[PDB]
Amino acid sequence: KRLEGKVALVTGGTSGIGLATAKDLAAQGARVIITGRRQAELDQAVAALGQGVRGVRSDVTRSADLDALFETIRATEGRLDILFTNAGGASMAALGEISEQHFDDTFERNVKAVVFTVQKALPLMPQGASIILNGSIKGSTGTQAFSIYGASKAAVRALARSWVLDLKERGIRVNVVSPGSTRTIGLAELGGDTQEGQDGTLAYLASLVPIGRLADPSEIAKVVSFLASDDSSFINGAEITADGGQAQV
């Protein structure tokens, strides 16, 4: 109950790491708001989470949804203590194959929406609030046909370093969670349309991890929860990497 009385917002709360984080934060007693593009997924996530967790339908890439979303927080809670942005996506294109549409979607969802989600949240955020940004080991490594995604993740990590100085007067601290390969619908979907064909991709990714297993999303969620808590009071601008050792070695 360490986060009791703390209000948290998770964009992309309906699946994967954000889902597990919303669940983990709710266990701490934090009132949690989650966003999804699709109502039924949001309803299932809210029903699954329960624990005094509210859900707002919202696409981060449009300002009106972001305005309506924070207007909902101002009318209901009116203070945001924890912010986690999980609304990002990954798609594969090798160089020479990269479409302008493919670049625009990746950076708008992965970078621009993070910028404006944070910017719009700031008036609601008191001094001592914690912001956790969605990073990746893909931001600091090389992966074939994934250059656009990796560049977007590296950009997210860079925002935190400068935002440390911009938010210093406001007492808000920004930190980055960088997951390694984690068992998620998004990872499995990347593997393929076939069920066993995607499963083979997951088996390969586990082989690349030094400890030899994919992460359960809860293991990543614990890192976000730790950054959300007051235990991270002296952590600012830092990247915490949960990869099983993959990028460390």
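Numbering starts at 1 and follows the sequence shown.
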property	result
Higher-scoring stretch by recorded Cα B factor average, 121 to 129 or 149 to 157	121 to 129
Between the two ranges 187 to 195 and 50 to 58, the one averaging a larger CA B factor in the entry	187 to 195
Largest Cα B-factor, entry values, listed residues 115, 177, 174, 98	98
C-alpha B-factor winner, where the candidates are 211, 203, 220, 32	203
Assigned third (lowest, middle, highest) for the C-alpha B factor of residue 41	highest
Chain thirds of CA B-factor: placement of residue 18	middle
CA B-factor ranking of residue 249, expressed as a third of its chain	lowest
Ranked C-alpha temperature factor of residue 7 among modelled chain residues, by third	middle
Record-listed C-alpha B factor of residue 107: chain third	middle
